[PDB]
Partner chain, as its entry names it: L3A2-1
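Form solved without the partner chain, single chain, as structure tokens, below.
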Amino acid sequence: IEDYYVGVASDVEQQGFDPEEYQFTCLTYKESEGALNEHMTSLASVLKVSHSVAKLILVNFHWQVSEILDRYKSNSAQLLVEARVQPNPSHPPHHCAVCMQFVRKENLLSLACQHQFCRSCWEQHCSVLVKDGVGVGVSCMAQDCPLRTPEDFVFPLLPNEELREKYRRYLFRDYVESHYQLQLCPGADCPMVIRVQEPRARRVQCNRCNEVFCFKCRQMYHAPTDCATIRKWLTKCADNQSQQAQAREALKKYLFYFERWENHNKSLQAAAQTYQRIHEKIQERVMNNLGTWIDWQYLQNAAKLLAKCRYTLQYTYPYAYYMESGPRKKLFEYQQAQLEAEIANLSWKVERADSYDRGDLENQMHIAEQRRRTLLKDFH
């Protein structure tokens, strides 16, 4: 009766889901800078190159070390040309071409393109660019020249500390943007960065300001669609027979989806009142001597499940509107209608109901979750 239950923890595990699963590592403002510095040091050591050129290489190739190494081994000459480090392969002037004034040799700086200009013009150009919010976009003055000024060249041309600090901020922003694993928080002055192994379009939540957004595009979480369809759908929502009859039919078809989109949008937007009403309907049940606080707890789970299922439905309608008419679209719409009906049933059983039975409500929860998973499974 005691040696019986020794190895039960493993035998019971006959078989072990979450189609939208994702592992986002949360990093602060300084941890991201440390990671960038570590990557830059590793690349500079490997390629035996300076820090600024290594940063240029990383920016031009989205900080993908393996591809950088492969392209360096294949051909180093074109790697620096594409990264705008050296000019394409295919005696002092003592006269600036943009200010037409003769200057000393020491004040005549130039990049690898050997486009020589006086120091004052360099300072003016770098100052105006950094004032205009330009980060890694600083380039040579000469027209058609794609070469870019490295970090060790821009900094000496910045007179005061505030311009240097703004340059550093813009460089950090551009580095986070170009990195294929780091994305800035789209919040209001949220100083946070999200890091992940591989880039995808899934759900991320900044634990500091509790904002949910799509990873690949810093927009609202469009679950079943892609980052291109939702953009044009939101753009549109803002502003045999004859062609006019076709236009009328198209308007009718557009309305057939827009009405459901708006319905679910408003229903989701009005959820705080539902939560408060359920809290009050639980308080009224618990103050009277029937049950306790632990018995009436599943109604909050019900409210959360309805909110999640409505959010899932709201974004399947733009998906079904931009689909090729075939055997697949009809089945998708049939499943969508089934899920709509079951959400209506559960919402009636939770909100506008008097006597709550836990078995029936749990069955409804399970059915609704299964239908939501079925709707989301095919694409992702």
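Positions refer to the first chain, counted from 1.
Unshown form solved in complex with the partner chain; subsequent notes refer to it.
Candidate site formed by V98, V128 and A142: every one of these residues places a non-hydrogen atom within 4.5 angstroms of the partner chain in the bound PDB entry. A heavy atom within 4.5 Å of the partner chain in the bound PDB entry is found for exactly one of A302, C121, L80, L108: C121.
Checking 258 to 266, 100 to 108, 306 to 314, 146 to 154 against the partner chain in the bound PDB entry, the stretch whose residues place heavy atoms within 4.5 Å of it is 100 to 108. Proximity of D132 to the partner chain in the bound PDB entry: non-hydrogen atoms within 4.5 Å are present.
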